[PDB]
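Presented below is the structure to which this report refers.
Letters A, B, ... mirror the listed sequences (proteins, then strands); counts begin at 1. Heavy atoms only: backbone and side chains are in, while hydrogens, waters and symmetry mates are out.
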Number of protein chains: 2
Amino acid sequence: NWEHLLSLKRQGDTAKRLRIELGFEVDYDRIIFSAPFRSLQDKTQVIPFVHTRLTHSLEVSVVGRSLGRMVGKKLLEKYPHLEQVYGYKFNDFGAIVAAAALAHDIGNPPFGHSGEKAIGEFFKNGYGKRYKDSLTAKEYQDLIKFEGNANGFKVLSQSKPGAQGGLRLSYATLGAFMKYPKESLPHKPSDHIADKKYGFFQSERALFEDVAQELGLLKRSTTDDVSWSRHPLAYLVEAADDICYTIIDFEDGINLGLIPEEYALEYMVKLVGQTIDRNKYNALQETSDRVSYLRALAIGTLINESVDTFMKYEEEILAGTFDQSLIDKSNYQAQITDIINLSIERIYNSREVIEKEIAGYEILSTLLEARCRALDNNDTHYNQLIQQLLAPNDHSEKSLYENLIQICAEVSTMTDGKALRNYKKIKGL
Amino acid sequence: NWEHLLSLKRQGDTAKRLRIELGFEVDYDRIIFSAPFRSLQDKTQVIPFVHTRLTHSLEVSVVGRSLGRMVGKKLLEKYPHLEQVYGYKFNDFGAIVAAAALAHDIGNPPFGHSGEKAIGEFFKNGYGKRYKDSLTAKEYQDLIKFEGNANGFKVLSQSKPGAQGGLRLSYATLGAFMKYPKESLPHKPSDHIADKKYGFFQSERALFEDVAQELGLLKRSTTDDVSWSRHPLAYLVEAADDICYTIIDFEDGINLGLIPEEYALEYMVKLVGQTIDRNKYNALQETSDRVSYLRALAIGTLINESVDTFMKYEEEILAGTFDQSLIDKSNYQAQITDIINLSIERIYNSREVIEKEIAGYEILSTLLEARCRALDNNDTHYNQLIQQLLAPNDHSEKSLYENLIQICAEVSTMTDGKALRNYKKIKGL
Ligand SMILES: [Mg+2]
Ligand SMILES: [Mg+2]
């Protein structure tokens with residue numbers, strides 16, 4: 001039911017909010033001005049001009065806003081009652097998808113997936129193994145299979161003294177942000193696209209249950225482990241992100257010298273052939289302009305194809321029977337796969353990227369060990385100094401799992417500069 | 001006439017474009033993906049978390065989008081025919097103002113106004129004085145009173161082989177971007193707000209004349225020096241920029257330790273008193289959260305006040321008789337002035353900001369002198385090396401003024417990193 005999916009409800013609301021009577025734009029406005037989003041300006045994208053996480057978020061938001069606007073147009077033309085009595089507009093869908101896409105990278109720890117694996121391995125085989133017997137199975141699982149999507153949900157909606165609900169985003173935006181509406185256990189029960197990872201920690205189970213019950217998400221789990229169907233706009237958000245990750249990593253790889261210019265045309269002829277102006281392409285004198293020209297065309301065709309795919313399986317998506325992505329139903333699957341493999345071989349496996357990941361591991365391991373050692377023995381002078389350096393903000397009487405997840409969130413959201421400086425101080429440099 | 005002001009015309013168009021038959025959102029989308037806008041991620045805001053030019057542009061765009069949406073609502077309710085037959089929406093106004101505000105900092109040289117003065121002084125008393133007799137009075141004036149607004153217009157609309165019209169933005173966006181629709185001469189003929197500076201160089205006179213004739217801007221000059229009235233949405237763009245420059249420089253100054261916390265409340269009580277929740281403010285435990293809370297409130301009230309002021313003088317603004325800014329008609333003028341003066345005394349006059357400006361002067365002077373010396377004698381080996389290092393892109397048979405303005409644009413749009421590296425290479429470091 002689309003009426004419940006486009007909920008304007010926020011945390012702490014008592015009276016129901018109706019479309020015909022704050023707005024989805026306000027979510028984007030709040031995310032833009034938020035400190036965690038601003039902090040993305042000092043966070044890199046594990047590549048050797050090259051995009052930072054802030055620009056990637058910006059570009060993803062721009063693709064998601066286009067996808068959502070077209071999808072809202074088509075749904076409003078398919079469900080007249082959504083605008084006749086409920087008063088919804090395609091700009092609403094665009095705003096929801098753009099706000100969800102803008103914050104999709106707000107909780108990811110530095111150094112890419114290597115940082116996530118470092119946080120996981122710290123609690124699996126490192127100093128964090130001591131907490132295994134003091135936590136429940138799902139809590140420990142969250143600790144060992146730490147992902148930045150659950151951390152991003154935590155950042156977007158975590159209460160603090162004087163700020164309940166965090167950014168207080170609308171429930172539609174929160175639902176679109178959740179790509180994996182399931183708990184930390186069981187680990188990958190099936191081949192469904194939404195079961196690859198989890199989207200919320202144990203400290204957010206009640207809040208996401210409230211969000212799902214407000215949005216009317218279908219309960220797909222018959223056991224005691226909660227799991228819901230994906231929000232239909234989460235498909236658009238993820239498709240936008242994949243389109244950017246594919247076409248823009250290739251642009252960045254080509255412009256940085258890691259990928260020769262020939263592969264650009266070689267893997268973009270199929271994508272851009274239907275709309276390329278050959279005279280304009282040949283008239284361009286710089287490689288950067290040509291690759292930008294190709295990137296714009298490819299993004300446009302992929303956006304249109306994703307909209308067509310979404311409207312092809314709307315009923316299946318709303319029922320929860322869709323087990324793959326919108327980009328997986330692409331006619332350009334071979335070319336997309338070839339581009340992804342070439343990017344993996346030339347960028348992600350480059351020395352510079354490997355070197356950086358090896359440093360992240362040592363920095364994150366050191367910081368996590370220092371924070372945990374301070375947590376266990378908060379009486380020594382060195383531990384008091386560590387607490388002052390890394391957690392001067394506040395202190396409270398919380399549980400062990402809450403403290404550990406707070407440590408993980410604080411370490412994940414540090415800027416590369418702040419993390420490196422703290423690691424050097426702790427290492428006496 | 002508002003119908004002509006909301007023009008969808010772009011460079012090279014032959015058939016007229018009508019609202020009821022590409023869209024103002026496309027301008028924002030293009031600016032986001034443009035290389036010059038991306039380059040703002042490596043450009044600082046001459047302050048010692050602290051905003052870069054990209055985040056300032058982002059925040060300004062967000063304020064301008066709010067202002068434009070409210071102003072469009074009120075104009076559509078005041079002119080029913082703008083939506084009944086022409087089919088315009090308030091989202092159009094919001095998109096135009098947001099696109100204009102996003103690119104307002106795209107042509108400014110580094111090191112703030114110190115860089116602009118360095119470029120001016122290079123041609124006034126430096127090595128550039130040799131070109132005074134080889135150029136017209138207005139051309140030389142443009143060289144010596146170089147501003148980043150004209151350079152931003154150049155960046156947004158300058159033709160290149162394979163790219164005619166640059167980003168090919170809509171004419172409404174270009175009109176809203178132009179804060180000073182006048183030539184380089186005469187220099188400040190009156191006290192009008194639009195006559196403080198100029199908005200386009202001599203190489204863009206024909207293009208901006210075409211833009212003004214398409215938008216129906218009123219010719220305010222009876223002499224041979226062209227000058228037009230401000231576009232009504234340029235007032236909103238400038239008001240948004242001033243609101244951010246005032247409230248956010250104060251936030252940055254407070255958070256950086258240059259401004260104590262007391263002045264925050266002292267100068268924000270009047271602005272935020274009508275909408276502040278005292279319980280929420282006192283419950284916050286960190287200074288950053290409190291100042292963010294105050295900044296959001298102040299931005300909201302200033303936005304509403306600016307909308308009210310704009311609708312107060314709509315007829316005067318459309319006739320061209322308005323000689324001041326929207327922020328100049330504020331009831332909070334004393335508090336705004338006090339905040340600006342405190343920011344000037346504590347941030348802009350800080351050592352760190354002074355030191356940086358003294359370095360900009362030497363870097364920009366060195367780079368401009370090297371480029372000019374390469375231009376005059378393009379036969380020596382050293383000059384060929386300089387041309388390869390600083391201008392490898394392309395070469396053409398252009399006039400002296402075109403070459404000099406191209407040199408100025410290229411130097412102004414270099415990233416701080418690229419500029420510093422080139423200056424060190426030239427200095428043999
Ligand atoms: Mg992404
Ligand atoms: Mg500004």
Side-chain angles (χ1 to χ4, degrees), chain A residues 23 25-26 28-35 37-42 49-52 54-55 58-59 61-63 65-66 69 89-91 94-95 161-164 248 251 255 281-284 288 290 292-293 295-296 299-300 392 396 415 417-418, chain B residues 23 25-26 28-35 37-42 49-52 54-55 58-59 61-63 65-66 69 89-91 94-95 161-164 248 251 255 281-284 288 290 292-293 295-296 299-300 392 396 415 417-418:
Chain A
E25 338 297 344
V26 179
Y28 188 92
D29 289 345
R30 285 172 191 200
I31 293 169
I32 281 288
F33 276 98
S34 85
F37 176 78
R38 277 167 167 183
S39 78
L40 295 177
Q41 101 174 13
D42 320 290
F49 162 77
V50 73
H51 286 64
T52 67
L54 180 75
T55 320
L58 261 190
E59 275 147 13
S61 197
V62 166
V63 173
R65 178 163 248 135
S66 295
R69 274 201 285 241
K89 318 284 208 317
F90 71 96
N91 270 269
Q164 298 312 298
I248 302 163
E251 183 178 2
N255 276 303
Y281 182 85
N282 294 109
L284 292 160
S288 318
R290 294 194 286 274
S292 268
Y293 176 77
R295 174 253 299 147
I299 280 185
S396 158
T415 52
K418 214 187 138 96
Chain B
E25 338 297 344
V26 179
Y28 188 92
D29 289 345
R30 285 172 191 201
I31 293 169
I32 281 288
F33 276 98
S34 85
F37 176 78
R38 277 167 167 183
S39 78
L40 295 177
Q41 101 173 13
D42 320 290
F49 162 77
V50 73
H51 286 64
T52 67
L54 180 75
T55 320
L58 261 190
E59 275 147 12
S61 197
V62 166
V63 173
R65 178 163 248 135
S66 295
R69 274 201 285 241
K89 318 285 208 317
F90 71 96
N91 270 269
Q164 298 312 298
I248 302 163
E251 183 178 2
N255 277 303
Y281 182 85
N282 294 109
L284 292 160
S288 318
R290 295 194 286 274
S292 268
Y293 176 77
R295 174 253 299 147
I299 280 185
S396 158
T415 52
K418 214 187 138 96

If one checks every heavy atom of A/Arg65 against chain B at 4.5 Å, the contacting part turns out to be neither
For a 4.5 angstrom cut-off between non-hydrogen side-chain atoms, does A/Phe37 reach B/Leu58?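 In contact.
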Flag the pair B/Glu59 / A/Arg38 as yes when at least one side-chain heavy-atom distance between them is below 4.5 Å, and no otherwise.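 Of all side-chain heavy-atom pairs linking A/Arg38 with B/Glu59, at least one is under 4.5 Å.
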So which part of [X] gets closer than 4.5 Å to some heavy atom of chain A, the side chain, the backbone, both or neither?
X	answer
B/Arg30	neither
B/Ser66	side chain
B/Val50	backbone

Closest contact, heavy atoms only, B/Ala283 versus A/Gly162: CB-CA, 3.7 Å
Value rounded to 0.5 Å, distance of OG1 in A/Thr415 from CZ in B/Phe49: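 So the gap between those two atoms works out to 10.5 Å.
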By side chain to side chain donor-acceptor pair (under 3.5 Å), which residues pair with A/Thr55, not counting sequence neighbours? B/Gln41
So which of A/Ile299, A/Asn91, A/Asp42, A/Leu54 has the largest heavy-atom pair count under 4.5 angstrom toward chain B?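 Ranked by heavy-atom pairs under 4.5 Å with chain B, first place is A/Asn91.
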